[PDB]
Amino acid sequence: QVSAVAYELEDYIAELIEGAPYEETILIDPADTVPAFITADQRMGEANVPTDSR
Amino acid sequence: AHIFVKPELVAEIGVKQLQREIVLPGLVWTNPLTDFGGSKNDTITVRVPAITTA
């Protein structure tokens, strides 16, 4: 019972994170994966999001 | 001509039959169950516990 509630809470959080209104999705190229994450950092930056606590 | 009575000498010089080295027994789960006598068909049934959903 406790395990079920714990997993339901983690799924609640995951639904929150996955269901957020993302206006666009960054496509990771499997052969060259790093540029996608540099793009993610860039999108965070141009939005003036603080660099700590990410 | 000359006749010499000689033995047939047998020697061991460390030439053996090349034969495999054993590694598999040490890596597999051996005897988590022992009481096969005393269970029908020599079969012990393992119970996998339950998980719920919240």
# chains A, B, ... in the order shown; residues from 1 in each chain; ligands from 1
>>> closest_atom_pairs(of="chain A", to="chain B", cutoff="12 Å", atoms="only C-alpha atoms", output="CSV")
residue,atom,partner,partner_atom,distance
A:1,CA,B:52,CA,6.5
A:2,CA,B:54,CA,9.0
A:3,CA,B:52,CA,7.9
A:4,CA,B:53,CA,4.9
A:5,CA,B:54,CA,5.4
A:6,CA,B:54,CA,8.6
A:7,CA,B:54,CA,8.0
A:8,CA,B:54,CA,5.9
A:9,CA,B:54,CA,9.0
A:10,CA,B:54,CA,11.3
A:11,CA,B:54,CA,10.4
A:12,CA,B:54,CA,11.0
>>> atom_distance(atom1="atom CA of residue B:44", atom2="atom CA of residue B:27")
22.2 Å
